[PDB]
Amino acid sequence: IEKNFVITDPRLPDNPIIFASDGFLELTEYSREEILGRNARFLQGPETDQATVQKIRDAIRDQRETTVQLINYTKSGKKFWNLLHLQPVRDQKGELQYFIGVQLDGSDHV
(Lines of atoms letter the chains of each structure in order from A and count residues from 1; the text may use other names and numbers.)
(Lines give C-alpha, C1' and ligand atoms only; values in the text may rest on other atoms or scores of the structure.)
Protein backbone atom coordinates (compact mmCIF):
# COMPACT_ATOMS: atom_id res chain seq x y z
CA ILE A 1 0.00 0.00 0.00
CA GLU A 2 2.94 2.47 0.83
CA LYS A 3 4.30 4.40 -2.18
CA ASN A 4 6.74 6.97 -0.68
CA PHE A 5 9.52 5.40 1.33
CA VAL A 6 13.20 4.95 1.85
CA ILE A 7 15.29 2.19 3.41
CA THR A 8 18.37 3.11 5.42
CA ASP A 9 21.26 0.93 6.61
CA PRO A 10 22.07 1.70 10.25
CA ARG A 11 25.16 -0.57 9.99
CA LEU A 12 26.73 2.05 7.76
CA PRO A 13 28.07 5.44 8.97
CA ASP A 14 25.24 7.91 9.75
CA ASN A 15 22.43 5.52 8.72
CA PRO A 16 22.36 6.47 4.99
CA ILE A 17 19.51 5.94 2.52
CA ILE A 18 20.30 2.83 0.44
CA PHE A 19 16.99 2.78 -1.43
CA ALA A 20 14.42 5.46 -2.32
CA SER A 21 11.10 4.66 -4.03
CA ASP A 22 10.00 6.60 -7.14
CA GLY A 23 7.19 8.15 -5.05
CA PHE A 24 9.79 9.49 -2.68
CA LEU A 25 11.74 10.92 -5.63
CA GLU A 26 8.52 12.53 -6.87
CA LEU A 27 7.50 13.87 -3.48
CA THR A 28 10.90 15.39 -2.70
CA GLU A 29 11.92 16.38 -6.26
CA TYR A 30 15.36 14.77 -5.84
CA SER A 31 17.03 12.29 -8.14
CA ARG A 32 18.30 9.00 -6.77
CA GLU A 33 21.88 10.04 -7.48
CA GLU A 34 21.28 13.10 -5.32
CA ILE A 35 20.18 11.24 -2.19
CA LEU A 36 21.54 7.62 -2.15
CA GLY A 37 24.16 7.42 0.60
CA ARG A 38 22.87 10.40 2.58
CA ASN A 39 21.05 10.56 5.86
CA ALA A 40 17.37 11.59 5.39
CA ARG A 41 17.74 14.80 7.55
CA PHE A 42 18.39 16.69 4.27
CA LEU A 43 14.55 17.02 4.17
CA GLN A 44 14.60 19.25 7.25
CA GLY A 45 14.79 23.03 7.34
CA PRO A 46 14.35 26.18 9.47
CA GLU A 47 10.82 25.54 10.57
CA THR A 48 11.42 21.86 11.32
CA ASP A 49 10.62 21.35 15.03
CA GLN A 50 13.76 20.24 16.90
CA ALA A 51 11.63 18.57 19.59
CA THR A 52 10.24 16.24 16.94
CA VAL A 53 13.72 15.57 15.47
CA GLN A 54 14.72 14.55 18.99
CA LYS A 55 11.81 12.11 19.20
CA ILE A 56 12.96 10.54 15.91
CA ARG A 57 16.53 10.27 17.20
CA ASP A 58 15.24 8.51 20.37
CA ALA A 59 13.14 5.99 18.45
CA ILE A 60 16.09 5.21 16.20
CA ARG A 61 18.40 4.78 19.24
CA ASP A 62 15.80 2.49 20.88
CA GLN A 63 15.15 0.67 17.62
CA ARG A 64 11.37 1.01 17.84
CA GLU A 65 8.60 1.96 15.54
CA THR A 66 7.30 5.56 15.72
CA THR A 67 5.16 8.06 13.83
CA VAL A 68 5.80 11.80 13.95
CA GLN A 69 4.62 14.78 11.94
CA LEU A 70 7.12 17.50 10.97
CA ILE A 71 7.90 20.18 8.40
CA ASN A 72 10.03 19.01 5.50
CA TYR A 73 11.26 20.65 2.31
CA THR A 74 11.49 19.53 -1.34
CA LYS A 75 14.71 20.22 -3.31
CA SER A 76 13.25 23.47 -4.69
CA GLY A 77 12.36 24.84 -1.21
CA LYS A 78 8.68 23.87 -0.95
CA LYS A 79 7.34 23.07 2.53
CA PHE A 80 5.03 20.20 3.44
CA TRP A 81 3.79 18.40 6.51
CA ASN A 82 5.34 14.96 6.44
CA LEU A 83 3.54 12.32 8.47
CA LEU A 84 6.64 10.09 8.88
CA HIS A 85 6.36 6.46 10.07
CA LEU A 86 9.58 4.61 10.99
CA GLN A 87 9.91 0.83 11.29
CA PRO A 88 13.01 -1.15 12.34
CA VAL A 89 13.75 -4.23 10.21
CA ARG A 90 15.58 -7.07 11.97
CA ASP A 91 17.38 -9.96 10.23
CA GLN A 92 16.72 -13.69 10.91
CA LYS A 93 19.07 -13.55 13.93
CA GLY A 94 17.09 -10.69 15.44
CA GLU A 95 19.82 -8.14 14.76
CA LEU A 96 18.77 -4.71 13.39
CA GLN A 97 19.36 -4.65 9.70
CA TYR A 98 17.46 -1.67 8.16
CA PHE A 99 14.94 1.01 8.98
CA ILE A 100 12.06 1.68 6.61
CA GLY A 101 10.62 5.18 6.61
CA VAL A 102 7.32 5.97 4.94
CA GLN A 103 6.51 9.61 4.09
CA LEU A 104 2.98 10.96 3.55
CA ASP A 105 2.49 14.57 2.54
CA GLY A 106 -0.64 15.53 4.57
CA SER A 107 -0.64 19.07 3.06
CA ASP A 108 -3.50 19.97 0.73
CA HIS A 109 -1.77 21.72 -2.15
CA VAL A 110 -5.00 22.71 -4.04
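Position 1 is the first residue in the sequence shown; the rest follow in order.
Asks: Should the higher mean CA B-factor in the entry be assigned to 7-15 or to 91-99?
Replies: Between 91-99 and 7-15, it is 91-99 that shows the higher mean C-alpha B-factor.
Asks: Quick check on the record: does 73-81 or 58-66 carry the larger mean Cα temperature factor?
Replies: In the deposited entry, the stretch with the higher C-alpha B-factor mean is 73-81.
Asks: Should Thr52 be placed in the lowest, middle or highest third of its chain by the C-alpha B factor in the entry?
Replies: Within its chain, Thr52 is a middle-third residue by C-alpha B-factor, going by the deposited values.
Asks: Mind checking which third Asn39 falls in for C-alpha B-factor across the chain?
Replies: Lowest third - that is where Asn39 ends up once the chain's C-alpha B-factors are sorted.
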